[PDB]
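Okay, here we've got a single chain as structure tokens, the form deposited in one PDB entry, with questions on binding and movement later.
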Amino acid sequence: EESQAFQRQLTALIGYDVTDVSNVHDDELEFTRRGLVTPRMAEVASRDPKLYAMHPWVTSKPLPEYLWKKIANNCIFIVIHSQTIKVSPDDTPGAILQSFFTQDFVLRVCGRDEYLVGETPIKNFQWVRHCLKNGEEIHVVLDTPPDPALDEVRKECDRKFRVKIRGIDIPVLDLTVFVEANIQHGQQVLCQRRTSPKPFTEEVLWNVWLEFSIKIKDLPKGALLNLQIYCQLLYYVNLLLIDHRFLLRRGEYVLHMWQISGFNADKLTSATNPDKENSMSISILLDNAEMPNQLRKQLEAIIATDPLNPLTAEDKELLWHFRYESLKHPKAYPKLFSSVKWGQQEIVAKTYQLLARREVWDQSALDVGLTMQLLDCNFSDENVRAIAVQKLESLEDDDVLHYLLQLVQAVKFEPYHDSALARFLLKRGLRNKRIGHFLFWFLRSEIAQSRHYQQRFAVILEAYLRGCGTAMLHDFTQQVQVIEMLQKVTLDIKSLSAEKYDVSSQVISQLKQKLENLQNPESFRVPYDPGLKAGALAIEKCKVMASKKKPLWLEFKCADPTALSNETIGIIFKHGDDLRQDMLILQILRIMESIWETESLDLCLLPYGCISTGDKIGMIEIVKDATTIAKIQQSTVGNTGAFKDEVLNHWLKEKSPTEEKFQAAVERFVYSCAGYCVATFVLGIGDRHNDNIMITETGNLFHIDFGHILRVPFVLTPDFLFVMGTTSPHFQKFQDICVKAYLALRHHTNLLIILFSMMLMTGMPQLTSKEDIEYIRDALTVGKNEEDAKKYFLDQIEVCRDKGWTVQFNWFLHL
């Protein structure tokens, strides 16, 4: 029936068929599809049709200090389409309109799907704050409110634990293998057993009972039997010992395992390898007063250490014995719940009784760095994780958008498909279309290139698509059609000039040919900027990048006729690199901008849009009027390491007509340069090549390519300095802003550390040992007073000065 065709539509939008039961050994996934029906219908029935249709992008945070200095005498100007109007920062849009009349029309941004509606002061609209930040004019058309009808929804024992290892079987690959069974709880290995080593052949039968030290009723929920094969670790797979019904897992299992590549979130999945033809299989059978002062000081010191400082045994004993004292310190919760013997039923009982009375945690102000910690790989207990989700519930949509990528990623750490976190994401995406757009694209990113989690993520994405309404479904469908067309063009063009050729006649020929052939997809929403709709292509402006991986430089017209400007929307389509790394780094940069805003700073970061759409394939926003610092060098002294340091300021002058425009660009440059210095330093991506640093004609600096990130702490070359002048008066400004921004980030050390380690676990595999994570703790001068930290950053600046083009000259000889 047509219901089946609708499920087909959903499948095509998802990129995976959630009704497939070809790679399941239980009904957990379908159980979750069924359990999600209620949160979906409940948020749908709960949301306001009008605000959900117009999706006003609002914030309750106060107006920053740097935006106030840009205001007139309590007088924001709104150009309505077409007269200008004075308005008070605290003037509601409704009051604005009733003032403009002296009845039901709504103000929509010109050239955008963005609306200034709701009982919010224009002070508090992100588009208005963005216009103020960039000194643009709030241009609005008096449109008629979109029909909410277009959002309508298609209505829907004391025995010890034993595991029998029968054997392993592969048709692939003189070695020797043994099997290893672990009872794991949140990366805590409760107990461990091994089989004897038998020669590695395509079939190894043990028929061996591995008896564990843990008793059946001490198994905690969320505990995993982790089965691994060693020759080095060759393969792994995981089975939940308590399923989604709290039933002890019994029966026969034949689990197709994951292969290792010669620690990260894939090693945790409960999913089995779908590739049953080539993948290693394993076969198994289951059948079953108050403290003294010195101790107070020690406990406080422990609670004070950072999220990476590991807890010794005595530390955990102290935290557990004084658990009720520790419960008053919400900052101690991550460490307290790591001091819990989860393999002991009585201790987990005491732990739940502890969580029972948590008035201090409930009342505390939301601390995201703490919530995230509780949501990471070190916490399986769903009750421990549910309090983090509880705190998350109080985030406004603006903050949800700030943290949505890494919350979605954090879903990879949930033991079960249906989690508090999953339902929270579902709710927030259904309540608000901007969150829903990005939830769609993030879930789909992972569903398109992760067998390890595509099933769970596909269940969540289907749950979302069944409540977002048919309008947004049509939008997603158009977008997916367009992106698939364009990825087809990208790959087919990549095939045509594989290596060692810059650009051919035939190449540009075929590219323009296909783009002309493809345009006969009328209009689609820009995935990295859902307020922008792209129209026809500007075939004449589209080109093959002429990079190693020949990415596509495409440009579209804006489909919105109310659009004021005539600028095209530029998108780069790239295949060959894993752009999820870029998504993560850019999202951390956005969090850094947010942190800086809390302290009335603006470092003019340009976190360009970037959506990973598949396996080593994605799109990148084209910042208009931007060029590489390397290219500005080459243009005046081409193919030479001389790197004449006077050239950047000459270029700035050239592109800025008015000396005043030049000074504005120089100040923009001071700020954006300080911001990128601090950010790349903290993240350990500051030692980049001249070619991966771009600048807008208006002086805004910004880095690109966060996959190719490999000595110097960051890039502060003699040419940036010449744009500053070297001591000088603007270089003093640079150092001042840098110390301020660095200290501002050190004020959120914990959040930055948890986000960084999460990125390491969920982005690219690389090394991702403890060692990679520790660098950031170092760069944030953990356990240091702010004075020494400012000294540390100024020492980094001085190393930059001393090295000169040595760094850049070697980057040039190397590339």
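Heads up, when I say rigid core I mean the largest set of C-alphas that superpose within 1.5 Å between the two forms. Residues carry their position along the shown sequence, with the first being 1.
The same protein also has a form deposited in another entry, omitted here; what follows describes it.
K.L.:
Compare C-alpha positions between the shown form and the other one after fitting on the rigid core and state which of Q766, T38, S60, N785 moves by at least 2 angstroms.
P.N.:
One residue passes the 2 Å cut-off, namely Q766.
K.L.:
Against the shown form, C-alpha atoms of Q766 and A271 in the other form: closer or farther, for a change of 3 Å or more?
P.N.:
They are closer; the C-alpha distance drops by 3 Å or more in the other form.
K.L.:
Assuming the CA distance changes by 3 angstroms or more, are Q766 and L716 closer together or farther apart in the other form compared with the shown structure?
P.N.:
Farther apart, by at least 3 Å.
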